[PDB]
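A structural walkthrough
Residue strings, one per chain:
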Number of protein chains: 4
Amino acid sequence: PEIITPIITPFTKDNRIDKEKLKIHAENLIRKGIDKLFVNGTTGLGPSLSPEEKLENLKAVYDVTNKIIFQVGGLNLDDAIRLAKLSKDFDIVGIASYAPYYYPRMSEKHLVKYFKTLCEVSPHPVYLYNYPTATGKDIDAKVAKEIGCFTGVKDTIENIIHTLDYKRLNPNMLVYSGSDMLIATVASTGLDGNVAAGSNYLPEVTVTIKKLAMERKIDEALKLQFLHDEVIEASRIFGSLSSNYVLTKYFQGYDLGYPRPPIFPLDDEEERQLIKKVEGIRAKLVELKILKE
Amino acid sequence: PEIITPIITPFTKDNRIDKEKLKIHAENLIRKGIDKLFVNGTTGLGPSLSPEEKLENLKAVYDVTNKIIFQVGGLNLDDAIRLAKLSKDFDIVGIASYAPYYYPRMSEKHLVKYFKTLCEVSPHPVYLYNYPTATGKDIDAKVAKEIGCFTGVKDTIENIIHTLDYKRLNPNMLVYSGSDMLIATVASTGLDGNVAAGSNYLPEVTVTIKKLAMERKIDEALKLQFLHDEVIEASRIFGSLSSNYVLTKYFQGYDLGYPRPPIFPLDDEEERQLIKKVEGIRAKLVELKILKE
Amino acid sequence: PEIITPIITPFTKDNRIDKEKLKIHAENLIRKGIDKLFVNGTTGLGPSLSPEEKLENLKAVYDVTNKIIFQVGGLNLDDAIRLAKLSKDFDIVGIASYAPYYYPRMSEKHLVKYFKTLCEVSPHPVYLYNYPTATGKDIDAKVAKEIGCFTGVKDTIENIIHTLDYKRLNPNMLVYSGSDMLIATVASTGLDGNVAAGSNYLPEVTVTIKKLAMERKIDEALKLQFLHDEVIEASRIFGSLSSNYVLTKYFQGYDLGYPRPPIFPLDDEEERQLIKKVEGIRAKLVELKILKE
Amino acid sequence: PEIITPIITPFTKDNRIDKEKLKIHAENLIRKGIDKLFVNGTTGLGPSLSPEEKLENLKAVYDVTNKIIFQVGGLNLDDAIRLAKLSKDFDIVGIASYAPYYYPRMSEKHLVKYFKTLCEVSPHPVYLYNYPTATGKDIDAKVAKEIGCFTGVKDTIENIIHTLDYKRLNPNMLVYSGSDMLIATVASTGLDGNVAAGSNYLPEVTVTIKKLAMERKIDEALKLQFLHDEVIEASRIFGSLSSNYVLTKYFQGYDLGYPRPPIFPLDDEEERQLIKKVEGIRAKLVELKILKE
């Protein structure tokens with residue numbers, strides 16, 4: 001099993017992608033053991049990015065690694081098709097798409113045709129990004145099977161039954177979970193890893209949890225999983241997507257700039273409160289030799 | 001009470017906005033008694049459009065009428081601001097925004113700041129577009145009060161208690177329902193009207209439901225309301241957003257081109273079966289003398 | 001349109017039905033204009049009552065009026081059948097049943113057979129009590145039509161579209177809403193009234209709202225509807241079912257004893273806080289001559 | 001980690017408990033390795049039973065084994081108290097209760113008081129039965145802590161994060177999952193077992209999934225787990241609660257009589273089609289040597 005980071009898109013103060021901070025971030029995450037980087041995901045604010053900005057993100061991260069899954073989805077299919085075909089000049093792991101978001105009451109038939117169309121033109125293997133809360137619909141194990149062209153799936157959903165079912169009905173599919181809180185459980189039950197936004201700022205924690213669980217030291221994996229769970233919870237207090245920035249700076253030294261409003265940056269006072277709620281944890285993570293400090 | 005049409009966006013075969021068919025369509029809608037045009041809503045595939053396309057739509061419909069509500073929201077706030085400010089040179093009813101869609105676990109503090117920011121820059125009255133199922137969050141009547149700058153609200157939700165609560169807590173706010181099925185009820189219960197997707201293809205019917213109910217012919221209004229409900233059900237079989245194009249061609253006799261993939265045009269056989277589902281109702285409407293053969 | 005009270009079951013301090021307080025309550029509600037009494041509903045804690053206690057309730061209330069709908073549903077069909085047949089010796093309006101509660105994943109087929117079986121043995125007309133939140137399933141307009149034997153329905157649900165649909169698909173069905181907050185809207189849109197737990201303690205308010213709306217004084221109906229809405233809200237603070245007792249005593253003089261735990265009585269301090277939140281309203285209702293005081 | 005059977009309640013043709021078939025059934029379940037028997041749960045139609053019937057069930061299974069968890073909750077608290085206290089003369093593992101079902105808008109203050117009241121009178125350890133979908137409310141790990149007297153928890157919910165959180169916040173609490181599909185995962189992730197309805201008719205399989213996973217044969221465990229999932233799916237086609245009776249007769253070869261209407265017995269044709277859905281899986285199990293022809 002692997003840890004995959006849905007990597008943050010860092011922005012300037014005037015709302016452009018800061019390619020250099022993004023290279024620093026990426027450089028460090030690979031250094032610290034992250035298997036793959038999932039670019040333009042929820043944590044990178046892919047829905048808020050233009051097609052051109054989504055390619056910018058790919059190119060910057062490609063200046064560091066090939067271990068990329070390139071998310072190209074959106075509400076303009078011509079634009080997604082375009083990005084899928086542009087990716088042929090990149091030796092990367094694959095491309096990905098969430099389901100078309102926002103519009104409720106879309107037929108299964110239309111959702112299938114959306115994906116089968118991306119499969120027909122993709123130069124790389126295709127990964128499904130299932131996030132029902134965010135997109136309003138669910139490409140479950142059976143629909144993924146009907147589509148019949150996915151190499152892997154990231155299943156962001158609390159129901160691990162749902163996630164296991166992809167493996168049960170598609171035994172050759174790489175099946176990853178989108179939860180940071182299930183890193184331990186995933187490694188231990190026979191699934192292929194986690195796409196874990198929390199690995200942006202505590203990649204050490206996520207890699208260690210996977211290893212302890214790979215090593216069948218379950219009580220120890222759980223103990224660390226539970227500390228990371230408290231960190232996830234803290235980041236949700238002010239909005240996980242904004243907090244992901246403050247927590248990378250705090251835990252990993254470098255600054256990622258700003259999010260893109262309406263994903264508003266925390267203010268200095270929120271930054272401080274968020275720190276205060278994790279500095280006890282950081283202590284225990286250095287006391288546990290997982291963090292350098 | 002008003003009937004407001006969230007106007008469909010006609011696209012050309014090569015996925016561009018057909019401004020000429022849009023002008024024809026908006027002309028007919030005003031000629032038939034539609035009070036106002038809601039531009040770049042769900043029915044017009046607002047979230048599928050770029051800032052520049054949302055503006056193209058304002059300009060096309062403004063060469064035909066100035067009874068426009070201009071929907072301008074999105075996931076890049078600087079673009080909503082830019083579109084807000086641009087509308088100063090236009091004599092229109094107002095601007096509107098849905099809540100930021102896609103991202104769950106957004107703070108109330110941030111949702112509020114987003115809507116307040118659009119009020120601070122708006123040169124026209126600002127209308128709230130509440131669509132919890134489509135956007136993932138609920139700007140209910142308490143939050144709309146705390147925001148404090150909304151002239152009106154469109155409440156697309158299957159719960160009229162929730163809609164009534166806007167009038168109760170914001171007595172001077174225009175309160176509209178997003179439902180085609182609640183025209184008789186809204187008129188009859190003292191609310192200010194309906195933003196009805198179905199009035200794209202049957203404005204005569206929506207206008208007449210409202211008229212009867214305000215003439216206190218509650219019984220004929222329901223009678224007509226129930227036939228309209230059957231057309232809405234028809235349209236949902238294959239997806240309302242796509243079936244809306246077919247139903248306009250059929251009922252109003254001009255062609256609105258193509259939706260934007262991932263919103264997929266009905267194929268000829270879906271087109272066939274849909275018409276079969278409504279042709280009986282079209283007959284009834286010609287007999288009641290609401291439509292012309 | 002009518003107002004129907006889902007009447008409170010009053011209990012002694014040692015957990016028996018207090019038949020005499022129940023007769024007082026019933027006597028008064030009819031005096032104050034209530035069309036019908038719905039016995040063993042949610043507000044009367046029907047699920048917490050044995051078959052024998054459900055007959056006790058019927059007999060007591062029958063010592064006052066025939067205008068009774070007798071709810072007999074439960075998770076033992078033999079017991080429901082028994083109560084349905086026992087009711088032949090009562091000249092009452094009808095019998096009723098919520099859907100079988102608790103167990104999720106029941107087939108439509110089994111839910112239909114439950115009701116068609118009660119219809120086959122009932123000596124009175126049969127009323128459907130649809131409450132999806134409480135029972136976990138929804139006997140919608142189409143399923144009610146399939147069952148094909150209901151004289152009326154009480155639809156407890158915020159979606160008035162859902163409720164209207166019963167009339168649209170079953171034009172001969174008496175269609176009532178379970179909301180206290182929609183009394184005005186129901187009267188005004190062409191439906192047949194409300195089963196309103198709040199009429200237990202402010203029957204004056206509910207009857208007046210209906211009349212003002214029947215009289216097309218919509219602005220005035222709404223104004224009073226909105227005061228009653230604040231009273232409903234207040235009763236939810238501590239648990240609507242327990243609060244219904246305190247509010248009857250306060251607004252109507254007589255005491256109904258206790259609920260049945262786990263529906264726990266309010267404590268003296270909660271009683272006091274609940275009063276404080278409504279005494280302003282009571283003032284305005286006496287100032288408006290709806291209440292005697 | 002333990003496999004616990006929520007044991008089916010066999011009824012006679014005239015809707016009485018067939019104690020003799022219940023003893024036979026509980027004997028076989030213990031002989032095949034079931035750790036403990038959960039009596040009067042959902043699978044045993046707990047909410048359909050009267051206090052006196054819940055007791056009849058304890059006594060029948062106690063003539064066979066004393067590894068009983070005795071479920072005693074309901075909507076009349078005095079009866080749950082009475083059943084709690086009665087169990088003092090029985091050498092059993094503990095008593096359990098689901099949260100009060102049916103009534104929505106119940107206060108946390110009241111739910112807590114209910115569970116605390118059963119602890120104050122219990123003569124045995126008390127287990128929490130969390131089934132939010134069936135009861136309408138969620139006693140999550142925070143509330144179970146605030147209550148403070150639970151020896152264990154059965155968490156029937158399709159969200160293992162929610163289940164894990166019990167161990168994290170109550171480290172000494174036995175934490176069980178209500179899912180048949182999560183046996184491999186629970187064993188492998190450090191939780192204490194599964195209360196698995198499916199182990200009524202396939203205890204050999206449930207027991208063997210757990211064994212493999214604890215021998216670290218994670219792969220064979222999933223292989224076997226996935227076949228079990230198909231049997232669970234089969235059982236849900238016509239309703240799990242009824243299909244459970246048919247599946248026991250088929251797999252274990254003794255007849256458990258009848259469920260209790262509104263839980264309706266499958267008719268001969270449903271019985272036929274269900275068997276057809278599983279007979280292929282029974283074959284596979286005889287080949288893997290988990291069952292005997």
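Residues numbered from 1 in each chain as written, not as in the entry; some residues may be left out. Chains lettered and ligands numbered in written order. Heavy atoms only, no water.

Deposited coordinates in this entry are attributed by the record to X-ray crystallography, at a stated resolution of 2.350 Å.

**What about the interface of chain B and chain C?**
By a widely used convention, the size of an interface equals the accessible area lost when the partners come together. Formally: Any two residues whose heavy atoms approach within 4.5 Å at even a single point are treated as in contact. Here the buried area means the combined drop in accessible surface, using a 1.4 Å probe, for two parts upon being joined, counting both sides. Any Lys or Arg side-chain nitrogen found within 4 Å of a carboxyl oxygen on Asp or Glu counts as a salt bridge. Think of it this way: any DSSP run of H or I at least four residues long counts as a helix, any run of E at least two long counts as a strand, and we number them from the N terminus.
In this assembly, 23 residues from chain B lie in contact with 22 residues from chain C. Counting each side, the surface lost to burial between chain B and chain C is near 2100 Å², with a carbon and sulfur contribution of 64%. The largest contributions to the chain B side of the interface with chain C come from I161(B), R168(B) and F226(B), which together make up 28% of the buried area. Linking chain B to chain C there are four salt bridges. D229(B) is paired through a salt bridge with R168(C); the nearest N and O atoms lie 3.5 Å apart. Among the elements of the structure, α7 (160-169), α8 (183-189) and α10 (218-237) of chain B are those that each provide at least two residues to the side of chain B that touches chain C.

**Some thoughts on empty space enclosed by the protein**
Residue and element names in this part refer to chain C. Test applied: Two kinds of site are reported from a 1 Å grid over the protein atoms alone, namely cavities, where a 1.4 Å probe fits but cannot get out, and pockets, open sets with protein on both sides within 12 Å along at least five of seven lines, and residues are called lining when an atom falls within 4 Å of a point. Grid points are joined across faces, edges and corners, and a volume is the space filled by probe spheres set on the points. All residues other than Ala, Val, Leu, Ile, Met, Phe, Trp, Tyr, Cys, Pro, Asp, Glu, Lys and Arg, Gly among them, are scored as polar; the first ten of these are nonpolar and the last four charged.
Applying the stated criterion to the full structure yields eight cavities of 30 Å³ or more. Here the largest cavity defines a volume of roughly 80 Å³. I4, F38, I69, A96, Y127, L128, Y129, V153, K154, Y176 and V195 are the residues that line the largest cavity. Split into classes, the residues belonging to the lining of the largest cavity amount to ten nonpolar, no polar and one charged.

**Some remarks on the nonpolar core**
Put simply, the rule reads: By nonpolar core we mean a set of buried residues, namely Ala, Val, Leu, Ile, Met, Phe, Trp, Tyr and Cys, connected to one another through side-chain atoms within 4.5 Å. Only protein chains enter the accessibility calculation, which uses a 1.4 Å probe; a residue whose area is less than 20% of its type maximum is buried, one above 50% is exposed, and one in between is partly exposed.
Ranked by size, the top nonpolar core spans 425 residues in total, and within it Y102(A), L285(A), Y102(B), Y102(C), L285(C) and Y102(D) carry the most contacts. With residues near it in sequence (within four places) discarded, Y102(A) still touches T135(A), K137(A), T42(B), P47(B), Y98(B), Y101(B), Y129(B), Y131(B), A134(B) and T135(B).

**Quick word on the pairing of strand β4 (residues 94-98) of chain A**
Residue and element names in this part refer to chain A. So the rule is basically this: At least two DSSP bridges between two strands are needed for those strands to be called paired. When the strands point away from the viewer, a crossover counts as right-handed if the path from the first strand over the helix to the second runs clockwise.
Of all five residues that make up β4, five are buried, and the element is covered over most of its length. A two-sided burial pattern is seen for β4, the buried positions comprising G94, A96 and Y98 on one face and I95 and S97 on the other. Judged from the three bridges that link them, strand β3 (residues 68-71) and β4 form a sheet pairing that is parallel. Bridge assignment links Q71 to a residue of β4, and that residue is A96. Taking the sense of rotation as the criterion, the β-α-β connection linking β3, helix α3 (residues 77-86) and β4 turns out right-handed.

**Focus: the relation of the copies chain B and chain C**
This is how it is decided: The fitting set for superposing the copies is their C-alpha atoms, and the method is least squares.
The two copies are related by a screw motion: chain B maps onto chain C through a turn of 179° and a shift of 0.0 Å along the axis, at an RMSD of 0.3 Å. Here the two chains are linked by the operation of a two-fold rotation axis. Residues of chain B ranked by C-alpha distance from the rotation axis are headed by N159(B), positioned 2.0 Å from it. Looking at chain B, 96% of its interface residues are interface residues in chain C too, so the copies touch through the same face.

**Thoughts on the side chain of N40(C)**
All names here are of chain C. To be explicit about the condition: Two N or O atoms count as a polar contact when they lie within 3.5 Å, although within protein this holds only if one can serve as hydrogen donor and the other as acceptor, and sequence-adjacent residues are included solely when both atoms are side-chain atoms.
With respect to the helices, strands and loops of the structure, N40 is situated in the loop between β2 (36-39) and α2 (51-62). A distance of 2.8 Å separates a polar atom in the side chain of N40 from a polar atom in the side chain of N57. Apart from residues no more than four positions distant in its own chain, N40 is found in contact with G46, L49, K54, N57, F70, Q71 and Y98.

**Structural notes on the state of the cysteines**
Residue and element names in this part refer to chain A. Note the following rule: When the sulfur atoms of two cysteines come within 2.5 Å, that pair is taken as a disulfide.
Under the counting rule described, the total for this entry stands at four disulfides over all chains. With a sulfur-sulfur separation of 2.0 Å, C119 is cross-linked through a disulfide to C149. Torsion about the S-S bond of the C119 and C149 cystine: about 80°, corresponding to right-handed handedness. Taken as a pair, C119 in helix α4 (residues 108-121) and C149 in the loop between α6 (141-147) and β6 (150-155) lie far apart in primary sequence, 30 residues in all. Taking the relative accessible area as the measure of exposure, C119 reaches 17% and is therefore buried.

**Quick notes on the relation of the copies chain A and chain B**
Least-squares fitting of chain A to chain B yields an RMSD of 0.3 Å, with the transformation described by 0.0 Å of translation along the axis and a rotation of 180°. Here 98% of the contact residues of chain A are again contact residues in chain B; the copies associate through an equivalent surface.

**Some details on the UniProt feature "active site" in chain A**
All names here are of chain A. Put simply, the rule reads: UniProt positions are given in the numbering used here, feature names are shortened, and annotations may be inferred rather than shown by experiment.
Following the UniProt record, the feature "active site" maps to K154 here. Considering the arrangement of structural elements, one finds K154 in strand β6. Discounting residues that sit within four places of it in the chain, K154 has contacts with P6, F38, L128, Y129, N130, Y176, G178 and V195.

**As for the UniProt feature "binding site: substrate" in chain A**
Sites flagged by UniProt as "binding site: substrate" map to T42(A), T43(A), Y129(A), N130(A), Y131(A), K154(A), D155(A) and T156(A). The largest pairwise C-alpha distance within this set of annotated residues, which runs over 115 residues, is 14.4 Å, so the set is compact in three dimensions. Within the secondary structure, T42(A) is located in the loop between β2 (36-39) and α2 (51-62). Not counting chain neighbours up to four residues away, the residues in contact with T42(A) comprise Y129(A), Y131(A), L241(A), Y102(B) and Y103(B). Checked against the element boundaries, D155(A) lands in strand β6. Apart from residues no more than four positions distant in its own chain, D155(A) is found in contact with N130(A), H162(A), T163(A), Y166(A), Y176(A), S177(A) and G178(A).

**Focus on the interface of chain A and chain B**
At the interface, 42 residues of chain A touch 43 residues of chain B. Buried surface at the junction of chain A and chain B, both sides included, amounts to about 3500 Å², of which 61% is carbon and sulfur. Looking only at chain A, the three residues that lose the most surface to chain B are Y102(A), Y103(A) and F264(A), adding up to 23% of its buried area. Scanning the region where chain A abuts chain B turns up two salt bridges. With a closest N to O distance of 3.1 Å, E270(B) and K109(A) form a salt bridge. Linking chain A to chain B there are 13 residue pairs in polar contact. For the side of chain A that touches chain B, the elements supplying multiple residues, two or more each, are α3, α4, α5 (132-135) and α11 (240-252) of chain A. For the side of chain A that touches chain B, the element with the highest residue contribution is α4(A), accounting for four residues.

**Observations regarding the pairing of strand β3 (residues 68-71) of chain D**
Residues and elements named next belong to chain D. The two faces of β3 match: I68 and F70 on one face and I69 and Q71 on the other face are all buried. Judged from the three bridges that link them, strand β2 (residues 36-39) and β3 form a sheet pairing that is parallel. The residue bridging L37 from the neighbouring strand is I68, located in β3. Remark: the β2/helix α2 (residues 51-62)/β3 crossover connection has right-handed handedness.

**Notes on helix α9 (residues 203-214) of chain D**
Residue and element names in this part refer to chain D. The condition that has to hold: Here, expected helix span is obtained from the residue count minus one, scaled by 1.5 Å.
The terminal C-alpha atoms of α9, which comprises twelve residues, lie 17 Å apart, in line with the 16 Å expected from a rise of 1.5 Å per residue. The set of residues buried in α9 consists of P203, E204, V205, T206, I209, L212 and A213. Residues of α9 that are buried in the fold lie against β1 (2-6), α1 (19-31), α8 (183-189), α10 (218-237), α11 (240-252) and α12 (268-287). Where α9 terminates, the next one or two residues include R216, which has phi positive at roughly 75°.

**Things to note about the pattern of salt bridges**
Per the stated rule, a full pass over the model turns up 82 salt bridges over all chains. The residue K88(C) makes a salt bridge to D89(C) at a minimum N-O spacing of 3.3 Å. Accessibility assignment for this pair places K88(C) and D89(C) in one class, exposed. The network of salt bridges with shared partners includes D165(A), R168(A), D229(D) and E233(D).

**Observations regarding the packing of aromatic side chains**
Threshold: Working definition: a ring pair exists when centres of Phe, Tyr or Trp rings (six-membered ring for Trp) sit within 6.5 Å. Plane angles under 30 degrees give stacked, over 60 give edge-to-face, the rest tilted. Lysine NZ or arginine CZ positioned within 6 Å of the ring centre and within 35 degrees of the ring normal marks a charge as sitting over the ring.
One pass over the full model with this rule turns up 52 aromatic pairs over all chains. Ring plane angle 75° and centroid distance 5.4 Å describe the contact between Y101(C) and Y102(D), whose orientation is recorded as edge-to-face. Of this pair, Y101(C) sits in the loop between β4 (94-98) and α4 (108-121) while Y102(D) sits in the loop between β4 (94-98) and α4 (108-121), each in a different chain. Each member of the pair, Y101(C) as well as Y102(D), is classed as buried. Over the ring of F264(D) we find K113(C), and its NZ or CZ is 5.3 Å from the ring centre.

**Concerning α1(D)**
Residues and elements named next belong to chain D. Short version of the rule: As used here, the arc belongs to the directions running from the helix axis to the C-beta atoms.
For α1, built from 13 residues, the straight-helix expectation of 18 Å at 1.5 Å per residue is met to within 8% by its first-to-last C-alpha distance of 18 Å. Three or more residues of α1 are buried, namely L22, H25, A26, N28 and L29. In an axial view of α1, the angular spread of the buried residues amounts to 160°, which keeps them on one side of the axis. Of the exposed residues in α1, those oriented more than 90 degrees away from the buried face are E20, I24 and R31. Tucked inside the fold, the buried residues of α1 contact β1, β2, α2, α9 and α11. Two residues or fewer past α1, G33 is found with a positive phi of approximately 110°.

**Overview of the arrangement of the chains**
The closest approach of any C-alpha atom in chain A to one in chain C is 17 Å; the two make no contact. Left apart from each other, chain B and chain D have a closest C-alpha approach of 17 Å.

**Section: the packing of α10(B) against helix α12 (residues 268-287) of chain B**
If you want to describe how two helices pack, look at the angle between their axes and the distance between the axes. All names here are of chain B. Quick reminder of the rule: For helices, the fitted line uses only the C-alpha atoms of the stretch in contact; every axis is such a line through C-alpha atoms, and the angle between N-to-C directions lies from 0 to 180 degrees. Roughly parallel here means an angle under 35 degrees, roughly antiparallel means over 145, roughly perpendicular means 65 to 115, and every remaining angle is called oblique. In this scheme the handedness of a crossing depends on how the near helix is turned from the far one: anticlockwise by less than a right angle means left-handed, clockwise means right-handed.
For the pair α10 and α12, interaxial distance at closest approach is 9 Å and the crossing angle is 165°. With respect to their mutual orientation, α10 and α12 come out roughly antiparallel. Regarding α10 and α12, the two cross each other, and that crossing is left-handed. Of the residues in α12, those touching α10 at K223, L224, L227, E230, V231, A234, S235 and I237 are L274, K277, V278, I281, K284 and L285.

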